[PDB]
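Heads up: the protein sequence lines correspond to chains B and A, in order.
According to the entry's author numbering, the residues represented by the first sequence are 34 to 48, 58 to 301, 328 to 354, 369 to 654, in order.
According to the entry's author numbering, the residues represented by the second sequence are 34 to 48, 58 to 301, 328 to 354, 369 to 654, in order.
From the three backbone atoms N, C-alpha and C, an ideal C-beta is built for every residue, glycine too.
Protein chains: 2
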Amino acid sequence: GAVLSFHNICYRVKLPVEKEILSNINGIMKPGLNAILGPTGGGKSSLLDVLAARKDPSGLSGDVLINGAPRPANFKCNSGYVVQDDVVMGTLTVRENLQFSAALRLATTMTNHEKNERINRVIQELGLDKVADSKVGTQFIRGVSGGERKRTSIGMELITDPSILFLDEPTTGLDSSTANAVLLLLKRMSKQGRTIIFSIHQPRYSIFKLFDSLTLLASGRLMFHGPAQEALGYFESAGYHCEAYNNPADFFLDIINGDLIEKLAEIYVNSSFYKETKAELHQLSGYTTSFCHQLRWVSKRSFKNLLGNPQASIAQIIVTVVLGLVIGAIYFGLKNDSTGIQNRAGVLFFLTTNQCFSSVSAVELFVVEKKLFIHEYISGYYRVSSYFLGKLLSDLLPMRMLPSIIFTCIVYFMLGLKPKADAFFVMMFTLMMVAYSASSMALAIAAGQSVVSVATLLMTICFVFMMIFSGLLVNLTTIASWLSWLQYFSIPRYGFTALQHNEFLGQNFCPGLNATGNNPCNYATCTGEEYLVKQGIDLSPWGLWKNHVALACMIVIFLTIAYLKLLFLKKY
Amino acid sequence: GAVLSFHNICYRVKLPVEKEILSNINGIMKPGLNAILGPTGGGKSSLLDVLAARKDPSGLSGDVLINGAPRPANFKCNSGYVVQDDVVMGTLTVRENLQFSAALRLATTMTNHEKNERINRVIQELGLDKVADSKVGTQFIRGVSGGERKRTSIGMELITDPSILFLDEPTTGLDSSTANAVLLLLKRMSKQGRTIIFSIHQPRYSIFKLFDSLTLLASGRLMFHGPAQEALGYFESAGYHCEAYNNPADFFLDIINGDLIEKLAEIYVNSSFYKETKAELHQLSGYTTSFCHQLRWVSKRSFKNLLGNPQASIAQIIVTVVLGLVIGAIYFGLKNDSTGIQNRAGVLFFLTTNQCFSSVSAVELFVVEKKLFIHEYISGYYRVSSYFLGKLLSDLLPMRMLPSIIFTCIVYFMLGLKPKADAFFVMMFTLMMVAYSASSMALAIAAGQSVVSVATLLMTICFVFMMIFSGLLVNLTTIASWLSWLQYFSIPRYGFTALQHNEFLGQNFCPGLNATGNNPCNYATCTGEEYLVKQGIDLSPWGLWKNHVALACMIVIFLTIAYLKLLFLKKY
Ligand SMILES: CC(C)C[C@H]1c2[nH]c3cc(OC4CCCC4)ccc3c2C[C@H]2C(=O)N[C@@H](CCC(=O)OC(C)(C)C)C(=O)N21
Ligand SMILES: CC(C)C[C@H]1c2[nH]c3cc(OC4CCCC4)ccc3c2C[C@H]2C(=O)N[C@@H](CCC(=O)OC(C)(C)C)C(=O)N21
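Printed below as a string of structure tokens:
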């Protein structure tokens, strides 16, 4: 098996206040089962991220060396890593998660039969054969238990057959017998020859008896490294008395807590386990798949997540149908009189600002899947471009095509707007474009963040500063010229101007008029063009289509900003 | 000290699926230190809530009897209880929390000097004298450490000098040496003669050596009850071998988990610790303060929380000032021409719907303080009426007086609305009333819930169904008569109709007119009354003030519904 042998690791971060969180740590990890103990504030998870190259090589100041050689560039694609909180797809089943991982991690050369036999072998080694085709589970659907979720998360990284297998906290978040079952599974894996390296948090003695090698850390300093049976005898030789009926790992943490660390670290420097470790270390020292493949599998997984998550996709269509029927019931039969201007301008304003505010629910998209994106980009399933285009083609495109089609098909013929063939399609296309543009601004603000609330609030602030310049509330010509340049940044202004220019052309709003008051008395606003001029809207068809080309340019700019915020994200 | 002696407790709930979660449990708890162990799904916290009467007496089916007598009605006011997650005020300091608890729990007869000496004695017994006047801590301000938060939460219930002191999970959420310090403090309390009863979760042996009496529970059934030293010897006599270097409490849980419960519970029936327990049990068996006082102290605490939480109170005023300057910059100098109707109706619609949507942030009020309200109502600090009126007088009144005054004083004179003395005050009062009414609907929907998101979403749905019937988007006379009755339920319609009737009276919107087109040609909308009639608004001053009396009636109805949802809440 592999022998991961790290020597003289110094590590430091910038919080810019610079601080070392690993001081001077060396150790050898045999084929077998290696554990890392310590407090939460100690460097256990930090050293585990360092050995798997999950933290940046800028702060790292020592050689990490496997089997006599430094770590190659293919190492992250070769060595599996299992996150603390499970990153499995809750809506997909256990076999389709392994199908996804086998499709992206393994080569394109292999047969589907070979990958299916590999998945069957991995799901046989885990004991997930009873639940091989059930869903993993979310809030709405009941699913598989938590220990078998953890076995699924291990089995996703077992597909590529890793030589070294890392594990961040496999015990925590679980109950006791569940944790014992997971660790017995890990011991059955380690007896084969696979080198398991894991960090944990306050284990039991039934856990602690299984360990092959131990590494204790405290406040960034190495406290012990050797065989795990030898550790209690070493701390008896240090002078700390162990009491009867006490867990030795709890005794190890009780040494740290003080019933000092610079006093206790130097005691390990004067050990027999330290000179032997240096005597071993100085002996040793002195993409895969194409683009369309990744886009196809990412889009397939995200669309299957969209189907398997019923409520957040169905309820938007239900509220769209209900609100379309309500707007068809309120504005039913739009007349041509003095109320016609107010009713038509009001319903077009409601439809555009409805599209904008209903596109706030795409903040959720790149924020819920953020840790899964980071883990699967470091583990090397996909590029950022394929993730981005697949998740636009999967979750953004149909869930913004369907509500605008439903709004136009419902509120068009109940209201009785301009009864032409092409005005219907221009209205449908304008609602679709304002939906895409508002949702693209949502993705531009929301991408690369961890919380939903600040991005949602900022979307709503931007929309209430856009709807002032939309054109119904204020007249755009009466804004002062040092402030009227902000009307070009606003998506409802383009959607609403396009709908007003679509609908107000052939209409007359003074019945029985036939020039009674001599082109009626200069204050009438009778024909639709006379309304559409004094709003500041052009009458030429470029005055229609420049709104759509402005929306298309805002879609392109906002999706490019979202892509750059995903690409320039701190992945480590 | 007190001897809490419970006998033959049977307990069951309705989830309506009926299920027993405590089967047949009896035990005696001496003056000293009593611990309750078990799994999470076992009845440890349920039995601890039963003994402190924190669960309803409907499901309870056995006598709980202290010191030879059943529990009186004053018992909850006499025996302290400490919640798992701390319910201390994060923005108040450690001395003012104890001042609050001493003001509400103790009598009105006692001197302020006596209560201050009691607080000094309690804060001396805890070891909080170094941090006696520092703030406890929230997200924005750094504060006291978590163990000293837990000591503060214990000291809040130590004020009334309880004979019996309960504790739900004093170890969890903490680190190891912190938990050992808290439990050594508890042992120093228990040596005085105070009867401490607590539930915990997987303790250490340094914890477990301190116990005076033990009660193990599993799946609703009693597993052991006796002295805690005797428990390991009893389970050796049962036939379960304990291994060396193993925590006995972890061994107790490992017996439960199965390395059955109906097999193992009957073994305790055949004990020597069970017949002795029955031989002891059958021997034994066979507001404070006025209303204005509670309202004053609750309002004082909530106002000090409003000051000590800076950002959520200051940032609303900052965004109000910024948005008032923006609306004063866009709508600057409202002219009297064909654009005057559109600009005035637009800015009045923006102001009213701004008041409505800015009153969504009072959903937070009764939802963040929900567990603190439940704990302090059961422990008996205040009635529901005093809590409700104090938290309306503290957080609702000034944070809705200030933004409406700021909006009116900024956007009034920059826009140049109706330049009178009383129109300014009618506008300020109408914005204040629409703020109160929207926020009262927020309190009516939000009170008695635990999550913020569903209540916030429902507030926003109600507001977007109200702003259609406000009157700018649709004309209210052109709505069909089977659906035009919904316009009376909408708060922006009353605020916006009152502002339009306030501002559109003395205005003329056709310059240089002087009857050129013979009362100009029937389609002009020149004078303000001609606009204000065709919207459906009365011209008499009752057409102004009926909007304000409708807003006052909606304030009264919504605050009454919020009070009934607080009063009829399931407190157990
Ligand atoms: C679809 C609508 C009922 C809710 C939608 C929405 N329209 C708005 C339109 C606005 O214009 C104003 C109307 C008069 C002039 C301007 C202003 C605000 C809004 C909002 C709120 C917004 C939101 O808060 N987010 C999603 C919620 C979708 C959801 O998940 O909720 C269900 C019920 C579970 C499906 C949304 O679509 N709305
Ligand atoms: C204050 C304003 C900028 C945000 C406010 C608000 N106005 C609205 C007005 C609306 O009329 C439409 C205008 C054209 C026709 C109808 C519609 C929606 C809104 C919203 C959103 C709402 C919100 O989502 N939340 C609260 C508190 C937010 C907050 O506390 O923000 C800081 C930055 C932390 C201080 C709010 O104030 N807004």
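How should residue i be labelled, buried or exposed, when 16 other C-beta atoms within 10 angstroms of its C-beta is the threshold for buried?
{"i": "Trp624/B", "result": "exposed"}
{"i": "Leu225/B", "result": "buried"}
{"i": "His267/B", "result": "buried"}
{"i": "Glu344/B", "result": "exposed"}
{"i": "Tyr44/B", "result": "buried"}
{"i": "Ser353/B", "result": "exposed"}
{"i": "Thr607/B", "result": "buried"}
{"i": "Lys346/B", "result": "exposed"}
{"i": "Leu479/B", "result": "exposed"}
{"i": "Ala394/B", "result": "exposed"}
{"i": "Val380/B", "result": "buried"}
{"i": "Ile67/B", "result": "buried"}
{"i": "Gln181/A", "result": "exposed"}
{"i": "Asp98/B", "result": "exposed"}
{"i": "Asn425/A", "result": "buried"}
{"i": "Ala115/A", "result": "exposed"}
{"i": "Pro501/A", "result": "exposed"}
What are the start and end residues of the beta strand (DSSP E) that includes residue i?
{"i": "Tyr459/B", "result": "Unbroken run through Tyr459/B is the alpha helix (DSSP H), 452 to 460; no beta strand (DSSP E)."}
{"i": "residue 52/B", "result": "The model contains no atoms for residue 52/B, which sits in the stretch where chain B goes from 48 to 58 directly."}
{"i": "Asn68/A", "result": "60 to 71"}
{"i": "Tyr123/A", "result": "122 to 124"}
{"i": "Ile488/B", "result": "Taken as a continuous stretch (DSSP letters only), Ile488/B belongs to no beta strand (DSSP E), being part of the alpha helix (DSSP H) at 480 to 497."}
{"i": "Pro269/A", "result": "263 to 269"}
{"i": "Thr237/B", "result": "237 to 241"}
{"i": "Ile573/A", "result": "Counting along the chain, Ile573/A falls outside any beta strand (DSSP E), though it belongs to the alpha helix (DSSP H) covering 573 to 585."}
Closest to residue i by C-alpha separation, out of the options, would be which residue?
{"i": "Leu252/B", "options": "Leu102/B, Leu259/B, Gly262/B, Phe240/B", "result": "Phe240/B"}
{"i": "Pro269/A", "options": "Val164/A, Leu539/A, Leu75/A, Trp627/A", "result": "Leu75/A"}
{"i": "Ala632/A", "options": "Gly498/A, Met509/A, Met515/A", "result": "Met515/A"}
{"i": "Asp105/A", "options": "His350/A, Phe495/A, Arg383/A", "result": "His350/A"}
{"i": "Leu539/B", "options": "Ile161/B, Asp620/B, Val445/B, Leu471/B", "result": "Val445/B"}
{"i": "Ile492/B", "options": "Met509/B, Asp504/B, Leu479/B, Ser476/B", "result": "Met509/B"}
{"i": "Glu330/B", "options": "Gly281/B, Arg137/B, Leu264/B", "result": "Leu264/B"}
{"i": "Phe142/A", "options": "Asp98/A, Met198/A, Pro602/A", "result": "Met198/A"}
{"i": "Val337/B", "options": "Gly69/B, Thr642/B, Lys382/B, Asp296/B", "result": "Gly69/B"}
{"i": "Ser372/A", "options": "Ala145/A, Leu641/A, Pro58/A", "result": "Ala145/A"}
{"i": "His243/B", "options": "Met231/B, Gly215/B, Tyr494/B", "result": "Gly215/B"}
{"i": "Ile249/A", "options": "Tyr287/B, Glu278/B, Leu207/B", "result": "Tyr287/B"}
{"i": "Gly179/A", "options": "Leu134/A, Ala597/A, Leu89/A, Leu90/A", "result": "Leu134/A"}
{"i": "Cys635/A", "options": "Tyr570/A, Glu278/A, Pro114/A, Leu581/A", "result": "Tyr570/A"}
So residue i packs on residue j, CB below 8 Å; how close in whole Å?
{"i": "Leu37/B", "j": "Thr237/B", "result": "7 Å"}
{"i": "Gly390/B", "j": "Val556/A", "result": "So it is not a contact: roughly 40 Å between Cβ atoms."}
{"i": "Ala260/B", "j": "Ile298/B", "result": "5 Å"}
{"i": "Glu585/A", "j": "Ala505/A", "result": "7 Å"}
{"i": "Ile550/B", "j": "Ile412/A", "result": "6 Å"}
{"i": "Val403/B", "j": "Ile488/B", "result": "6 Å"}
Terminal residues of the continuous alpha helix (DSSP H) containing residue i?
{"i": "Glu211/A", "result": "No alpha helix (DSSP H) contains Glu211/A, which DSSP labels as neither H nor E."}
{"i": "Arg230/A", "result": "218 to 232"}
{"i": "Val106/A", "result": "Not the alpha helix (DSSP H): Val106/A falls in the beta strand (DSSP E), residues 105 to 108."}
{"i": "residue 688/B", "result": "Nothing can be reported for residue 688/B: it is not among the residues displayed for chain B, which extend from 34 to 654."}
{"i": "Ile329/B", "result": "329 to 337"}
{"i": "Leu295/B", "result": "290 to 299"}
{"i": "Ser440/B", "result": "422 to 440"}
{"i": "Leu75/B", "result": "Where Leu75/B is concerned, there is no enclosing alpha helix (DSSP H), although the beta strand (DSSP E) it sits in stretches over 75 to 79."}
### Query
Residue ranges of each alpha helix (DSSP H) run of no fewer than 4 residues wholly in the stretch 143 to 179 of chain A, ordered along the chain?
154 to 168
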